[PDB]
Amino acid sequence: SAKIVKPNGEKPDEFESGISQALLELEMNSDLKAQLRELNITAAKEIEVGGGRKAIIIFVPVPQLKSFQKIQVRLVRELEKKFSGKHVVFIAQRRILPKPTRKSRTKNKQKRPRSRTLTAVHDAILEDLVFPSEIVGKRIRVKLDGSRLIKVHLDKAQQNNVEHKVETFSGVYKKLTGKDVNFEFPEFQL
Amino acid sequence: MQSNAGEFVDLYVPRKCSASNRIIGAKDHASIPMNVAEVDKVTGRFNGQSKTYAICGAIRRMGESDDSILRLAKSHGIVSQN
Amino acid sequence: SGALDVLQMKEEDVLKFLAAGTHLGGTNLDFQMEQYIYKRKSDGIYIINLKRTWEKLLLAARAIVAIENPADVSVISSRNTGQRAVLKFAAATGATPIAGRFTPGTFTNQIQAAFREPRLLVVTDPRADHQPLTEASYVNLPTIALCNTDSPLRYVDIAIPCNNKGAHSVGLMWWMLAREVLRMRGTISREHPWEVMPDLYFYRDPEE
Amino acid sequence: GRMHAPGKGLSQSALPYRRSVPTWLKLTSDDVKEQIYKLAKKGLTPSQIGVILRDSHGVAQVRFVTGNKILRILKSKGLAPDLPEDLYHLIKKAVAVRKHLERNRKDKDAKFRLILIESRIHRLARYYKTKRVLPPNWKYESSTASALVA
Amino acid sequence: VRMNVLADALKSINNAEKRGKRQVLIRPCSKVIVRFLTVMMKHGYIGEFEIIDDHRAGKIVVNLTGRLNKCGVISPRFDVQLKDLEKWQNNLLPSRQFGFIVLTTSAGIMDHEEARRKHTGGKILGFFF
Amino acid sequence: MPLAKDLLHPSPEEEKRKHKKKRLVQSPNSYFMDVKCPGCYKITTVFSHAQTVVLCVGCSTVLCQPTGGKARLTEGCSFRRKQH
RNA sequence: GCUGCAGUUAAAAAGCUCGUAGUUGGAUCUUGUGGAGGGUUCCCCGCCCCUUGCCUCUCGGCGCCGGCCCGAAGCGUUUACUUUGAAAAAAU
């Protein structure tokens, strides 16, 4: 559809509806339909950067996330021109849980999986933003003010795929987590 | 060191060496100040105001001072890329 | 170096370094001499970098300038090769030579008549003149010397690498040392040929 | 280090940080499963199974092309053995020692080494049996050693 | 074995500072070591520190200065009830004026000077000065 | 040690010639290889430390001989890694 | 000699190993913003998903205009620890 392809996220909203309409339209069009197979989102959002530019966010149901990773570049290329003047990235949405060891009340409902934990989700989110580099290293530094800056060593191949997205990816993570990240390319590759 | 008045006490305030960040006593005769001469750096002729350093006996006697004196001049001049 | 090319090593001096074999350095190494070396040949001999030699020459020489008295920068060498070289050094530039055997206690006595209190030392070869180095750390003397690959560093603040196993490497290096101090302090500056040469800082070498 | 020798040593495997596919590969999750099931028929036990995949087939390991371990895949079928191969290999060794010991009563060295391998069985058994992986009445004896290895 | 991780950690940075160093490598990275060194950094005895990440447990690298004299561990972990406090801090510190016994409370990990203002006793971990 | 040396960023192989579990990140010292031998014309992929005989479906029936380390090839050819 | 000892030669590590009790045991499961108390972010209500976890209700008050809202009732898997109360004969 074009309005009920965003459940659990509130179906009316102007910008989000205007994305969905022309999105599913491309998938229905015969121009590409041999790798597009009528998937749907669950929400969307637009978030800026201090670079003075906007960038769009696409959420997915997450078992469907795997299929998006198949095409991921051709699709994003076409929608980079179709929605132009903004950057385009996929991401996934999880139903993160408070601890039973206590941040909200437990009833002995279930164990709480450690993939449904908080910290594992914030690691998994980073894996998708810079998916085509396939993160080589992670390092962290701690400041005298108790802040933290998270270095990410990326592969030294597939550089220009991410090099004009390099700053705009960092602003995404800020809005989702509350944390500051930097992206680097290392001295050497093994 | 301060008091109630903030009045400064201690007969001498000792000096604290550059690459070890520790203080050298009244008797300690392997601790050396080492004066490097600056130049104008337009003609390469001596010009007055010196760079002065200080090194403790502990790093001297083990043979680590050579690196420390090099690094001190490496964070300033004259050393570019060694 | 510091100043862009009015202190940096010239094309001329490179020939002198290579003709005197300064670049070559002995088989055995130390763990304080690892950085000065670049690499090994296909044979036992390890090739000192000449860029790294040149930077160490400068602040070494600039420290010899920094004193306001040139009569108390006491140079010392006791090897036969390093006798003739130092004698011209401290004759040309105001300094005090101590040639041959040291005769210990000359930096800590009040009864000896050769007692002196200098500020700096400039020593050839730590492992011939180990005696003055030990006594330097009893009366707070800054110290400079010429190290080889296999000469250890201990009671020295700065090194000036060299091949120095008894060669033209010795006399050439003492000449260059005296050249630099005059470019900063003296009126010899122009940095185009000085009248005095390194052809009399070289060893006596028993003649026919 | 070693638990019945005085020695100490490193030879442990070291895995990369990465863990993609990586890219270059084939045989979707499902393909790997049927490739495994054939091997277990032939008497190839889980340790051997991963080796024979890693050496000649395109896998790095069967934990990044599946969401499960090699053993859990076999266990979900019901085709897993009734005791771990680890326990089996200990018991497998000690019977031959006891044969050699009956044939030669003057090999005190063998008698000594048997005490180690014997006690190492009992310790291992006390891991599994508390975790409800063995019956809480099972014991190790000469008789039960004979029958359980056959 | 490595029964207590924090106890093996501090001895490295203690040994390293004595010889004259300013970078170290401490493993295997417990969360407990992080919040310890955070408090120790605020007062100013060490500089900023970098946590390397591995899947195994991580590794941590520290930049330090000569301001530190010694940080020790006290093991096993005893309780304090804010009248036992004065007896502890006398034995373990060079002076009343400075030095910082660390401890953990239900209000988190902190120095002893802070715990006294929150009225929280707890389990003592180490010290430094 | 010069007792001041960096440990954050190491040299490409002058501080990565060390033992593999004494590095900052643990890396293998092994690799795969895309092989096409000229007695079994198929694009086979094989691990460097074979540990077992790799068979051939052509005229030959052996491709590796396992040793204490890297397995030597009988007559094989074509080494790739690729990438890792 | 718990705080606080010592065991190469001064008094002193079982010849050696296995082993139950006892003692001890790796890493890993949440952070930012307005008001209020204190600085120039940081430590009683709330907000992103959570915020003293829930409901379900019904009996006895508080409301607002039959209808609707929120305190008390079961509790957050269990302990140690720590903090606050209660209860502790006099003399010393």
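Quick notes on this structure:
- Tabulated pairs, region E:21-38, first among the hydroxyl-bearing types (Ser, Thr, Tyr), second outside any helix (DSSP H, G or I), C-beta under 7 angstrom, 6+ apart or interchain: E:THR38/A:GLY146
- Region C:104-152, residues that are assigned to a loop (DSSP other than H, G, I, E, B), closer than 20 Å to C:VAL86 by Cβ, within 13 Å of chain B (Cβ to nearest Cβ) and β-branched (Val, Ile, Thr): C:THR143
- Selected residue (only one of D:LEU53, D:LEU27, D:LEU15 is away from RNA strand G (no atom under 16 Å from the Cβ) and more than 18 Å from A:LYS66 (Cα to Cα)): D:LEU53
- Every residue from region D:98-118 that is within 13 Å of RNA strand G (Cβ to nearest atom) and either of a type in the set (A, V, I, L, M) or surrounded by 12 or more Cβ atoms within 10 Å (Cβ to Cβ) (or both): D:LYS111, D:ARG113, D:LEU114, D:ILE115, D:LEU116, D:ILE117, D:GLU118
- Candidate set from region A:12-54 (those that are of a type outside the set (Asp, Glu) and in contact (Cβ under 8 Å) with a residue 60 or more places away in the chain); member that is surrounded by the fewest Cβ atoms within 10 Å (Cβ to Cβ): A:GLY50
- Filter result (more than 9 Å from chain E (Cβ to nearest Cβ) and either in a strand (DSSP E or B) or under 24 Å from D:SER20 (Cα atoms) (or both)) within region A:127-147: A:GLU127, A:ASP128, A:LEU129, A:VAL130, A:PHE131, A:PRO132, A:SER133, A:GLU134, A:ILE135, A:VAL136
- If you check E:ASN63, E:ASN69 for being polar (S, T, N, Q), within 25 Å of B:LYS16 (Cβ to Cβ) and part of a strand (DSSP E or B), only one passes: E:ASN63.
- Residues in region A:126-170 that are within 23 Å of A:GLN72 (Cβ to Cβ), within 16 Å of RNA strand G (Cβ to nearest atom) and of a type outside the set (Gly, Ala, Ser): A:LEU126, A:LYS138.
- The criterion of at least 1 residues that are charged (D, E, K, R) and outside the structural domain of D:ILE115 (by CATH) is met, among helices (runs of 4 or more DSSP H) falling completely within region D:1-103, by D:29-41, D:46-54, D:70-77.
- Some residue of region B:47-66 being closer than 21 Å to C:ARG62 by Cα and in contact with a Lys or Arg (Cβ under 7 Å, 6 or more places away or on another chain): yes
- Only listed residue being out of contact with any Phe, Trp or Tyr (no Cβ under 9 Å at 6 or more places or on another chain), closer than 18 Å to C:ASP157 by Cβ and more than 9 Å from every other protein chain (Cβ to nearest Cβ), chosen from C:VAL73, C:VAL14: C:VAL73
- Members of region D:131-142 that are within 16 Å of RNA strand G (Cβ to nearest atom) and either within 17 Å of D:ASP86 (Cα to Cα) or among the basic types (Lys, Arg) (or both): D:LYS131, D:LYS139, D:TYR140
- Scope region B:25-78; condition at the interface with chain C (Cβ under 9 Å from one of its Cβ atoms), aliphatic (A, V, I, L, M) and more than 23 Å from C:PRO126 (Cβ to Cβ); matching residues: B:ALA37, B:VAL39, B:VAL42, B:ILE78
- Flag if E:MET40 is more than 16 Å from the chain's Cα centre (by Cα) and within 19 Å of E:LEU125 (Cα to Cα): no
- Residue match in region C:56-75 (condition: touching a helix residue (DSSP H, G or I) at 6+ places or on another chain (Cβ under 9 Å) and among the acidic types (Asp, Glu)): no
- Here A:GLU184 clears all of (1) within 14 Å of chain E (Cβ to nearest Cβ); (2) charged (D, E, K, R); (3) within 12 Å of RNA strand G (Cβ to nearest atom) except the condition numbered (3).
- Restricting region A:45-96 to residues that are away from RNA strand G (no atom under 16 Å from the Cβ) and in a strand (DSSP E or B), the residue that is farthest from the other protein chains (Cβ to nearest Cβ): A:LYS54
- Pairs with Cβ under 7 Å, 6+ apart, first in region E:99-127 and within 14 Å of another protein chain (Cβ to nearest Cβ), second within 8 Å of RNA strand G (Cβ to nearest atom) and not in a loop (DSSP other than H, G, I, E, B): E:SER106/E:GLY122
- Number of positions in region C:17-37 that are surrounded by fewer than 16 Cβ atoms within 10 Å (Cβ to Cβ) and either within 17 Å of the chain's Cα centre (by Cα) or away from chain B (no Cβ under 12 Å) (or both): 5
- Against the test of being surrounded by 15 or more Cβ atoms within 10 Å (Cβ to Cβ), touching an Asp or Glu at 6+ places or on another chain (Cβ under 6 Å) and within 30 Å of B:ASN47 (Cα to Cα), the options C:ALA61, C:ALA3 yield a single qualifying residue, C:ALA61.
- Boolean, C:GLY82 is surrounded by 15 or more Cβ atoms within 10 Å (Cβ to Cβ), within 13 Å of another protein chain (Cβ to nearest Cβ) and not aliphatic (A, V, I, L, M): no
- Enumeration of residues in region D:134-150 that are aliphatic (A, V, I, L, M) and exposed (fewer than 13 other Cβ atoms within 10 Å of the Cβ): D:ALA147, D:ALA150
- A:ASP123, sole failed condition from (1) within 12 Å of RNA strand G (Cβ to nearest atom); (2) part of a loop (DSSP other than H, G, I, E, B): (2)
- Tally, over region F:17-74, of residues that are small (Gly, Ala, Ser), out of contact with any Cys (no Cβ under 6 Å at 6 or more places or on another chain) and within 11 Å of chain D (Cβ to nearest Cβ): 3
For (1) without any contact (Cβ under 8 Å) to a residue 24 or more places away in the chain; (2) in contact with a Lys or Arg (Cβ under 9 Å, 6 or more places away or on another chain); (3) within 14 Å of chain F (Cβ to nearest Cβ), each residue gets a yes or a no:
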site: D:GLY1; (1), (2), (3): yes, yes, no
site: D:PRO6; (1), (2), (3): yes, no, no
site: D:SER11; (1), (2), (3): yes, no, yes
site: D:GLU34; (1), (2), (3): yes, no, no
site: D:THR66; (1), (2), (3): no, yes, no
site: D:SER76; (1), (2), (3): yes, no, no
site: D:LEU87; (1), (2), (3): no, no, no
site: D:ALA96; (1), (2), (3): yes, no, no
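- Residue in region E:16-33 that is more than 10 Å from chain A (Cβ to nearest Cβ) and in a strand (DSSP E or B) present: yes
- Residue within region F:9-23 that is of a type in the set (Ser, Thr, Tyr) and touching a residue at least 12 places away in the same chain (Cβ under 8 Å) present: no
- Within region E:34-79, considering residues that are within 14 Å of chain B (Cβ to nearest Cβ) and among the hydroxyl-bearing types (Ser, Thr, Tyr), the one farthest from RNA strand G (Cβ to nearest atom): E:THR65
All of this is worked out from the model, or read from it or from the source named; no laboratory read-out is quoted. A quick note on method: Cβ atoms are made from the backbone with ideal geometry, for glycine too, and the neighbour counts reach across all protein chains shown.
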